[PDB]
Amino acid sequence: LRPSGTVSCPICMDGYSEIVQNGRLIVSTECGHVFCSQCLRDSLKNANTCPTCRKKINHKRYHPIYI
Amino acid sequence: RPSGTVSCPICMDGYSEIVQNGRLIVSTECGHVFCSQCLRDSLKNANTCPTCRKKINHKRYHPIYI
Ligand SMILES: [Zn+2]
Ligand SMILES: [Zn+2]
Ligand SMILES: [Zn+2]
Ligand SMILES: [Zn+2]
């Protein structure tokens, strides 16, 4: 059982207290998707995208300049 | 309220009260959580997080060194 309206990680299936009492953090992507810190890091080892919605969660900070 | 409560500290509305009435839970980049409406309201007159006061309005311009 995984009630709607509760904080949990969809990867490891751990709830809020299980996550924080083990020394992990709750994290969010910028697209609003919530994970535990360990699961999202493990995910980003094999992919640059959000596990949930697959939006790119890397951002390279450079841009064209027009002289 | 207690650890694991998703609520806005400004209006004090709990999770259910926020999302069911067309607002959203929002987080600043500094990890601080509010309802969409209270955070937006605060950002109309200040550029900083209401909780930790980190500046959270970026500057989409910068020097270029040529
Ligand atoms: Zn997890
Ligand atoms: Zn996402
Ligand atoms: Zn609020
Ligand atoms: Zn903050």
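Our numbering is plain: 1 for the first residue shown, then up by one each step along the chain.
Using the three backbone atoms N, Cα and C, a Cβ is placed for every residue, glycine included.
Its Cβ placed at the centre, A:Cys12 (Zn(2+) 1 binding site) has 16 other Cβ atoms within 10 Å. According to Swiss-Prot, the Zn(2+) 1 binding site annotation covers A:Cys9, A:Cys12, A:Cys36, A:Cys39, on the basis of experimental evidence.
Across the zinc finger (A:9-54), the DSSP tally of helix, strand and coil residues reads 13 helix, 8 strand, 25 coil. For A:9-54, the entry in Swiss-Prot reads zinc finger.
All chains included, 13 other C-beta atoms sit within 10 angstroms of the C-beta of A:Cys31 (Zn(2+) 2 binding site). Annotation comment: Swiss-Prot describes A:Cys31, A:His33, A:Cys50, A:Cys53 as Zn(2+) 2 binding site, evidence class experimental evidence.
For A:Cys36 (Zn(2+) 1 binding site), other Cβ atoms within 10 Å of its Cβ number 26. Excluding A:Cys31, A:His33, A:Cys50, A:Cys53, which define the Zn(2+) 2 site, the same chain contributes A:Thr29, A:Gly32, A:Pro51, A:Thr52, A:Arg54, A:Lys55, A:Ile57 within 8 Å (Cβ to the Cβ centroid), listed in sequence order. In sequence order, A:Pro10, A:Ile11, A:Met13, A:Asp14, A:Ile19, A:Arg24, A:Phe35, A:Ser37, A:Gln38, A:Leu40 are the residues of the same chain, not among A:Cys9, A:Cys12, A:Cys36, A:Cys39, whose CB sits within 8 A of the CB centroid for the Zn(2+) 1 site. Taking A:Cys12, A:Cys31, A:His33, A:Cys36, A:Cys50, A:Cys53 as the candidate binding-site residues, the subset whose CB lies under 6 angstroms from any atom of ligand 1 consists of A:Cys12, A:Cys36.
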